[PDB]
């Protein structure tokens, strides 16, 4: 029932180009700019329009309450993706930002969202959000909403999370009383738009987080329905650690004259702070191998572990076998009630439960303090998924370890895996090589 709106732009009006270089940035010579990017491994796709990178938080002219939250976090320097992404976002250009897992992409798009909103007329009664952020999972949308909440406690900005499995009442109430920032999964937002609980008439700033996942074949049509409701002169910002060829052309259906920035290797790459370990075994030894791994992991104080499996059924079965065998393990997947999913992820965040067993519902975006191990019990569907899964550890500056159970049935992915491992200068299991050569 949702039809592509054709906006008549001749009526409304809104503010776009408000970024002004800080004096420490204005005085940067081209040499100094190239050295900044080179040192931070920032690449601006050749021929694109792009401001200079900043190298300090005060360069972005965030409001003071934002800075106070940054100082409460004791964040001392913006990450590479923030150094180049803050100014580009704040300048108003459509963009694609590609940077390794745990590199701070969330703030890279949330804080310019706040400045953006601050240069707009205030919301009136009945107005929809100015900034819309779209994410592939309910937990990820809730996490991003809590970030936006920490940086808006001392301002007039309100945000809300719009996602399924949760009661509609409080979400509808948030929407009708008015929020500047809306974080959403696609289904529940489509539902609310069709029934008129919210609308996208004031939406001028649109973020696709985990953008390559949102453009895959199951999400693309939902993304298209939502984005057909947004004025075509909106600013569009796509973010991910992975940007495979197959999505690139498609992304341009939702972008105008955009700029792409990459941090790190232009090819597919994991975060280099993860120790990557690959075990070649048969399917049938996976159970035994896991137990031995866990017995090692659980002999140390810092033991927080995510275990990834391919299906909801194996998620349940492995979890039950671990807990009957007796381990302190809990699971999260798409057939759990949303109350159970929230309870399990909160227990895992807070250190009450050291072992999470998950499907790919937990593979993207989740930022959980002190995850020290990631275990691919089942190899994932793609190299990209591999990179995101193991990026659940070694966030920000921390280190972490990834163990992968690789079987002859995974053989057609071995090559691509080897390429990720070599790109991260890892010691390659000779058994993996020898499996490929035969």
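Positions refer to the first chain, counted from 1. Note that the rigid core is defined as the largest set of C-alphas that superpose within 1.5 Å between two forms.
* Give, as the answer, the stretch of 324-332 and 123-131 that departs more from the shown form in 4 other deposited structures of this protein; the measure is RMS Cα distance after a core fit. => Per-stretch check in 4 other deposited structures of this protein: the more divergent one is 324-332.
* Asked: Following superposition on the rigid core, is the mean squared CA displacement, expressed as RMS, greater for 188-196 or for 210-218 in 4 other deposited structures of this protein?
  -> Looking at 210-218 and 188-196 in 4 other deposited structures of this protein, the bigger mover is 210-218.
* **Per the entry, higher mean C-alpha B factor between 278-286 and 103-111** => Mean C-alpha B-factor is greater for 278-286.
* Mind pulling up the entry and telling me whether 81-89 or 230-238 has the higher mean Cα temperature factor? => According to the entry, 230-238 carries the higher average C-alpha B-factor.
* Asked: According to the deposited entry, which of 96, 309, 366, 297 has the largest Cα B-factor?
  -> That would be 297.
* To do: Go through 376, 383, 393, 61 one by one and give the residue whose Cα B-factor in the PDB entry is largest.
  => Among 376, 383, 393, 61, the highest C-alpha B-factor in the entry belongs to 61.
* **Where the record places residue 52 (Cα B-factor, split into thirds across the chain)** => Middle third of the chain for residue 52's C-alpha B-factor.
* To do: Sort the modelled residues of this chain by their C-alpha B factor and say whether residue 328 lands in the lowest, middle or highest third.
  => As the PDB entry reports it, the C-alpha B-factor of residue 328 lands in the highest third of its chain.
* Relative to the other modelled residues in the chain, which third contains the C-alpha temperature factor of residue 194: lowest, middle or highest? -> It falls in the top third of the chain.
* **Among modelled residues of the same chain, the CA temperature factor third for residue 254** => According to the entry, residue 254 has a C-alpha B-factor in the chain's highest third.
* Asked: By the record's CA B-factor, is residue 38 among the lowest, middle or highest third of residues in the chain?
  -> Residue 38: CA B-factor falls in the highest third of its chain.
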